[PDB]
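> In their complex positions, the first chains:
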Amino acid sequence: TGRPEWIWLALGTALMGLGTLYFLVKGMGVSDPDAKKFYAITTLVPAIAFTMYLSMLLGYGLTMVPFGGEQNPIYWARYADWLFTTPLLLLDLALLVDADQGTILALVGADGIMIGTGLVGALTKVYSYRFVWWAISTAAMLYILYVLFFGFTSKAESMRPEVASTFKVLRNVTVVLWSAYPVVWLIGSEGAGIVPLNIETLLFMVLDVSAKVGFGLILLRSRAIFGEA
Amino acid sequence: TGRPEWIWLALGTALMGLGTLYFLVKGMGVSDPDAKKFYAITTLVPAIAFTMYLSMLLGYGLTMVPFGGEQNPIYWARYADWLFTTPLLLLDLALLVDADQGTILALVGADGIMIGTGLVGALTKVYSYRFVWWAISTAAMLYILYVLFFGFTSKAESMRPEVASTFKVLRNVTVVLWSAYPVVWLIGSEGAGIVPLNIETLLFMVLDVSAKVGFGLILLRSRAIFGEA
């Protein structure tokens, strides 16, 4: 194809697909209902990302949004991916540390606003307002990172050290990889246009694989997922 | 801006935003998992309404729908608000009186049809059919009001009198404020066009703040939310 960013969309599609199959093959056999949950959730993440990467690759997940007096290529399928994948990732973390339903409700609701305010920001036709929507989404992200640090973390330690330690690593990964997303949006095609879409697509591809597949490897190789007791 | 209804969209945006912050500040500290749930649910309601009011205010949540041979301004973002907020409000009520999963399923499903049939009605291009969709949505609303009165109410009394009494007030508020919505739609911009959008926007703004913020004040100041036992 003629879009310069095809190679990264193709790469991203292959790695999500490859990682979906691996978690599928590893998953079969497992009879533990606790482990059964983590495998379901964590395998669905790249299975979804795979379909959205494919839709971007084939060109379905792309509309042109006019702003700054020019048609801009906006991959809307990213947000449809994130709207479903980011909540499932948070659910993986909350089941580990055995969060109560209240905390889960807030995280998931806040996540919904983050991605939703992101999408509206991405399709807003007044340039200034795009940044208003980014700020609100970013404000929701910080709330989520606050809950991951101060809503549970002390209660995550008052339990199995395999759950506590495995949570500590996955939390640190989540914070570092998720924080990058707003910065890339801000300087990429959707915000200031400082970085061209080509390289922005590379950056999201690296972030998405690490945040989904990299994340899943750490979790599915740990012994926190099993109950044993 | 040049839209006459801006002042009410701006007002509504400020009050939802102001009410979101208040429930947030009041919320922090609370350690009771039952209370934790009611706070999560009831704070998310205006947080969502805030973003949709903002989108209306900035002009994103507005399309023109042609019917009666004229372009009509239709704020579609109301329905995206209600689709999420109205179920969470019903969930607040069902957790109080400890409804079973079956009853919750019906209420939420019925709510989905109500708002969905509402949206389709709002974007239908044949004037007569709009009223067909209104009737079906209104038929779903009555079903919901029947369940609130006769599916639980006797079982809501066979429990803590703080839960029973606090439910009685919130139920009466819900019935009176929710019943108005179909009437306003019917006579406003979306139906008969007897009341102009300007004043219709005022009416929904007053209804929405009372049904969301007013509602939340009553609930969050009560001692039904806490378990204690």
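Received it, and whenever you're ready, just let me know what you need. Numbers count the residues shown, from 1 in each chain, chains lettered A, B, ... in the order given.
> Residues of chain A that sit close to chain B?
A:100-103, A:105-106, A:109, A:112-113, A:116-117, A:120, A:123-124, A:126, A:129, A:132, A:136 (C-beta under 8 Å from any C-beta of the partner chain). From N, CA and C alone the C-beta is placed, and that goes for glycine too.
> For chain B, what's its nearest residue on chain A.
residue A:102 (3.1 Å; C-beta to the nearest C-beta).
> Roughly how far does that residue sit from residue B:145?
28 Å (C-beta to C-beta, to the nearest Å).
> the more surrounded of the two?
residue A:102 (20 against 15; other C-beta atoms under 10 Å in any protein chain shown).
> Not counting its neighbours along the chain, what's nearest the more buried one?
Among residues not flanking residue A:102 along the chain, residue B:36 sits closest, at 3.1 Å (C-beta to C-beta, 6 or more residues apart in numbering or on different chains).
> Can you tell me how far residue A:135 is from residue B:12?
For residue A:135 relative to residue B:12 (C-beta to C-beta), the value is 20 Å.
> more crowded one of the two?
Neighbour count, other C-beta under 10 Å: between residue A:135 and residue B:12, residue B:12 has more, with 24 against 13.
> The more buried one: what's it in contact with?
B:49, B:53, B:205, B:208-209 (C-beta atoms under 8 Å, 6 or more residues apart in numbering or on different chains).
> Apply 10 Å and report the result again.
If you count contacts by C-beta atoms under 10 Å, 6 or more residues apart in numbering or on different chains, residue B:12 has them with B:49-50, B:52-54, B:56-57, B:201-202, B:204-206, B:208-209.
> Strands of chain A, residue ranges please.
A:63-66, A:71-74 (DSSP state E).
> buried sites along the last one?
This points to strand A:71-74. Residues of strand A:71-74 classed as buried: residue A:74 (neighbour count, 16 or more other C-beta atoms under 10 Å in any protein chain shown).
> Residue A:50 versus the spatially most central residue of chain A, what's the distance?
Geometric centre of chain A, nearest residue: residue A:86, 4.3 Å, by C-alpha atoms, centre = their mean. According to C-beta to C-beta, residue A:86 stands 16 Å off from residue A:50.
> wait, residue A:58 sits on residue A:3?
No - Residue A:58 lies out of contact with residue A:3 (C-beta atoms under 10 Å); the separation is 11.1 Å.
> and chain C, same structure:
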Amino acid sequence: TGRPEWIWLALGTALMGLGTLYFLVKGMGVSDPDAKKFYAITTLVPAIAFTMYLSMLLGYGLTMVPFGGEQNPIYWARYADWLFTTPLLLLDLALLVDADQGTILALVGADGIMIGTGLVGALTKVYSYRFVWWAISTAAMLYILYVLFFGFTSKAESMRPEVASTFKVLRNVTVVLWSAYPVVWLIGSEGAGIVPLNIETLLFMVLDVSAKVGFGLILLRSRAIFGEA
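That brings us to chain C, laid onto the chains above:
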């Protein structure tokens, strides 16, 4: 109306509506919370299908999708129906055999991809790619049929014989009726265009009523829904 397929859309609308009322009237009185769940779920199925059939009948749920250098009539409202009804049908089956949350999560997620990949396939503008999306959706369907056969079936027998036997019948019905859907899509208006939309609409109408109403009659007349113990 001038659309040849109106008679089947009208028929389908009447039978869904008629079946919704019947399950409603039969439903009232029932006080058993287990039975309460199955009635909620199984009554919502045709209540939803009714509204989507109506939207198709009135002409709201229809867009023209250009491919093969011609505008093609595509009833998008089928997918909005299935996106909600097919998960609720699977939930009826999983509550019978008392599946764990993990298995339910996978089935529902897989179902989401099936219908989602179906919709994208239905609105893809490159003819070849439509079949790529069909293959992925069909691959998700087979996964679901595998879980219905080999993820539970042995555990469905290790319990009440009324639950085991009633599950056996409903499973066999599900497999036979669901497998037809991809074949009809493939040869109908959305795929190869071997069968005209007129007769395709007939075929989906017969499948939908049997898969929803026929299905519901078998389930709601059984004694598996009640707990008794």
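> back to the contacts of residue B:12, now that we've got chain C?
B:49-50, B:52-54, B:56-57, B:201-202, B:204-206, B:208-209.
> Kindly indicate which of those lies nearest residue B:94.
Distances from residue B:94 to the contacts of residue B:12, taken as C-beta to C-beta, are shortest for residue B:49 (20.2 Å).
> what's the closest non-adjacent residue to that closest one?
residue B:16 is the one closest to residue B:49 (C-beta to C-beta, 6+ apart), at 4.6 Å.
> The one you found contacts residue B:52, doesn't it?
Yes - using C-beta under 10 Å, residue B:16 is in contact with residue B:52, at 8.6 Å.
> any residues in contact with both of the two?
Common neighbours of residue B:16 and residue B:52 (C-beta under 10 Å, 6+ apart) are B:81, B:208.
> residue contacts, the closest residue in space to residue A:95 that isn't next to it in sequence?
Using C-beta to C-beta, 6+ apart and skipping the chain neighbours, the partner closest in space to residue A:95 is residue A:37 (6.4 Å). Residues in contact with residue A:37, defined by C-beta under 10 Å, 6+ apart, are A:91-92, A:95, A:225, C:100-106.
> What's the ChimeraX line that selects buried ones from these?
Buried members of the contacts of residue A:37, defined by 16+ other C-beta under 10 Å, are picked up in ChimeraX with:
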select /A:91,92,95,225 /C:100,102,103,104,105,106
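> How about the residues of chain A by chain C?
A:24, A:27-28, A:30, A:32-41, A:43-45, A:47-48, A:50-52, A:54-55, A:58-61, A:77, A:80, A:84, A:88, A:91, A:95 (C-beta under 10 Å from any C-beta of the partner chain).
> swap the cut-off to 7 Å and go again
Contact residues (C-beta under 7 Å from any C-beta of the partner chain) of chain A with chain C: A:33, A:36-37, A:40-41, A:44, A:47, A:51, A:55, A:58, A:60.
> quick check, nearest of those to residue A:229?
The closest of the residues of chain A next to chain C, once distances to residue A:229 are taken by C-beta to C-beta, is residue A:33, at 13.1 Å.
> Number of residues surrounding the closest one?
Neighbour count for residue A:33, taken as other C-beta under 10 Å: 14.
> Confirm for me that it is in contact with residue C:103.
No - Residue A:33 is beyond contact range of residue C:103, at 8.7 Å (criterion: C-beta atoms under 7 Å).
> Let me see the ranges of the helices in chain A.
Applying DSSP state H to chain A gives helices spanning A:6-27, A:33-58, A:77-96, A:101-123, A:127-146, A:161-187, A:197-209, A:215-221.
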